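These notes concern the structure reproduced below.
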Amino acid sequence: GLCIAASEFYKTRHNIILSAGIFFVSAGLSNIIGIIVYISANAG
Amino acid sequence: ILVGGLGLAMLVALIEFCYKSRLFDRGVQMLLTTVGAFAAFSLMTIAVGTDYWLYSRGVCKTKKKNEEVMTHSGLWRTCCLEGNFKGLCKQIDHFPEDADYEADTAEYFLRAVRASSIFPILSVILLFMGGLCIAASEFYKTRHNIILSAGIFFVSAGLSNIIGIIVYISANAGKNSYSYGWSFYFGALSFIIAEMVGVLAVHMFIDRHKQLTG
Amino acid sequence: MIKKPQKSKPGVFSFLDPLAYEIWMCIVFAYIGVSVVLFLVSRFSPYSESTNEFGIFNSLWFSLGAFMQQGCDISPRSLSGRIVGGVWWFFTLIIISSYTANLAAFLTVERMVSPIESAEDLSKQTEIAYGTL
Amino acid sequence: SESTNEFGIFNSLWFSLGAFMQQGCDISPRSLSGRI
Amino acid sequence: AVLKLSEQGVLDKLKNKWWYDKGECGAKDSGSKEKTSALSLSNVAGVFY
């Protein structure tokens, strides 16, 4: 959410836009694993 | 491990981009394969000449027969440690038990292959024979198809290695919680390299062929 | 004479039964995120650009035909492109083969045991009483 | 000329993989004694 | 005098002697009901061959 605003201010570097979406996909990776271990904790 | 492979997969995807943002050295590849093959020629012969491959609990020498002695066991010398006499290395073969199952000629032949290093000794042979021809690329050279037959011996050595592994493991059951000596891994580790060498011979053959075609 | 101990009937979705309610929700989550990373590494500025075949939902379609055994049309070629797929192959190999093992287990038997008769436990247990007129 | 066999070392490794899986691949040996 | 050797377990040492120190016919079949056993490699022997 930080880097998506940075496409106007200090722009035309235009590869920092690419690193932004990396964080979103890796967040869902961090989301999905926390789902499992909480469900693993329920019967655990 | 599903999720763990993903960011692992993504990580390798990143480094290719920066590496292109800004094998190698043929000829010393010819020098590279020698030190690989010669060290592979060592560790094969190391594990062969080794009294210890697996740790287990057996006896030292019978007929001593107390209960059981931990064993520094390998191919020929089933030598024992941790006992009233440590390091007394017995020679072991097949033994005639009750009625011997001679009609199991598949088993008796399997016994006949077993008490022998026949494939692990042959795994040395072509590796030694392949070690002969790799030096012959300078002296009496420019025949350049004898280089191709050299890597055949290395790959076929690993074939001779892998089959000897099985029959020795087949001999073990042929709980106890036995373990392995590190020297047992050496034939398995050299098995890798004996294949890793001979593939590089094919490159050097085909590039010399590519230099032949021009 | 004892009671009638209440057998439960199968449902409409009785084929979904040999896998618990969570994993069905869990696998779809895993299904999507697998596909996008494939599509992530699919289009990554090949240093024309019109090089790869893995499109937006086309990446999703490869993930499905790999999952259910029907095959596909085109294979990944990149080192990173192929290293994701064999994982997903290894995933779908374990999961739905394990599904069949449980799926056979439902078609074996449905007999509720209806506890121990010719009674003889009325002599032995202290749990269920028993009387006469 | 001769650029016949598509099988490099990586694809031969790769075809080995999916053969052990269920998922086939497009590359196939096409030639005798490799086909066997 | 019997009660000493039983209390000293010398009978057991003799029971080991005349039954178990002469365990000869090395069959050793007991049989476990657990079907959780992985297969042997030797069960899949000729497949590699």
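Chains as they are written, first to last, in the authors' numbering: chain A, 1118 to 1161; chain B, 798 to 819, 1002 to 1042, 1051 to 1161, 1170 to 1209; chain C, 503 to 549, 565 to 650; chain D, 565 to 600; chain E, 749 to 797.
C-beta atoms are modelled at their ideal positions from N, C-alpha and C, and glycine is treated no differently.
Quick one: residues in its chain with C-beta nearer than 7 Å to the C-beta of residue i, no 5 flanking neighbours on either side, listed in chain order?
i: B/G1176; result: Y1031, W1032, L1033, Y1034
i: B/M1023; result: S1110, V1111, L1114, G1182, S1185
i: B/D1085; result: none
i: C/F623; result: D519, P520
i: B/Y1095; result: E1089
Could you give the distance in angstroms between the alpha-carbon of residue i and the alpha-carbon of residue j?
i: A/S1143; j: B/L803; result: 10 Å
i: B/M1116; j: B/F1140; result: 7 Å
i: C/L540; j: A/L1146; result: 14 Å
i: C/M503; j: C/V530; result: 49 Å
i: B/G1138; j: C/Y523; result: 56 Å
i: C/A646; j: A/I1156; result: 41 Å
i: B/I1025; j: B/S1178; result: 8 Å
i: C/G603; j: D/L581; result: 8 Å
i: C/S565; j: B/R819; result: 19 Å
i: C/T617; j: A/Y1127; result: 56 Å
i: C/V630; j: C/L610; result: 35 Å
i: E/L787; j: B/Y1173; result: 17 Å
i: C/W605; j: A/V1154; result: 21 Å
i: B/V1027; j: B/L1062; result: 8 Å
i: C/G648; j: C/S635; result: 15 Å
i: B/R1098; j: B/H1081; result: 7 Å
i: B/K1170; j: B/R1036; result: 11 Å
i: E/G757; j: B/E1054; result: 19 Å
i: C/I633; j: C/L639; result: 9 Å
i: B/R1005; j: E/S785; result: 52 Å
i: E/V792; j: B/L1002; result: 39 Å
i: D/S567; j: C/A532; result: 41 Å
i: D/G572; j: B/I1201; result: 13 Å
Can you find the residues in the same chain that come closer than 6 Å, C-beta to C-beta, to residue i, ignoring five residues on each side of it along the sequence?
i: D/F579; result: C589, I591
i: D/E570; result: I591
i: B/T1065; result: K1077, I1079
i: B/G1193; result: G1138, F1141, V1142
i: E/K763; result: none
i: D/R599; result: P593
i: E/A775; result: none
Go ahead and label residue i buried or exposed: buried means 16 or more other beta carbons lie within 10 angstroms of its beta carbon, across all protein chains shown.
i: B/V1007; result: exposed
i: A/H1131; result: exposed
i: C/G513; result: exposed
i: E/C773; result: exposed
i: B/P1107; result: buried
i: B/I1121; result: buried
i: B/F1020; result: buried
i: E/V750; result: exposed
i: C/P593; result: buried
i: C/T625; result: exposed
i: C/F608; result: buried
i: C/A583; result: buried
i: B/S1060; result: buried
i: C/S547; result: exposed
i: C/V543; result: buried
i: C/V601; result: buried
i: C/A621; result: exposed
i: A/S1136; result: exposed
i: A/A1123; result: exposed
i: B/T1058; result: buried
Going by beta carbon distance, what residues of the same chain come within less than 8 Å of residue i, once the five residues before and after it are set aside?
i: B/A1018; result: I1188
i: B/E1190; result: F1141, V1142, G1145
i: C/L518; result: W526
i: B/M1009; result: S1124, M1199
i: B/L1207; result: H1131
i: B/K1052; result: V1038
Since I believe residue j is in contact with residue i (beta carbons under 8 Å), could you give me their beta-carbon distance rounded to a whole number of angstroms?
i: C/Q586; j: D/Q586; result: 5 Å
i: B/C1039; j: B/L1075; result: 5 Å
i: B/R1101; j: B/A1158; result: 5 Å
i: B/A1016; j: B/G1118; result: 6 Å
i: B/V800; j: A/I1149; result: 7 Å
i: C/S537; j: C/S576; result: 5 Å
i: E/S790; j: B/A1160; result: 6 Å
i: C/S597; j: B/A810; result: 4 Å
inquiry  = Quick check for students: name the residue ranges of the alpha helix (DSSP H) that lie wholly in the stretch 751-787 of chain E, counting only runs of 4 or more.
reply    = Listed in chain order, the complete alpha helix (DSSP H) runs (minimum 4 residues) inside the stretch 751-787 of chain E are 758-763.
ask   = Enumerated in chain order, which unbroken segments of the alpha helix (DSSP H) with a length of 4 residues or greater are wholly contained in the stretch 583-611 of chain C?
value = 596-600
request  = Go through the stretch 1090-1120 of chain B residue by residue and report every complete run of the alpha helix (DSSP H) that reaches 4 residues or more, in order.
outcome  = 1092-1101, 1105-1120
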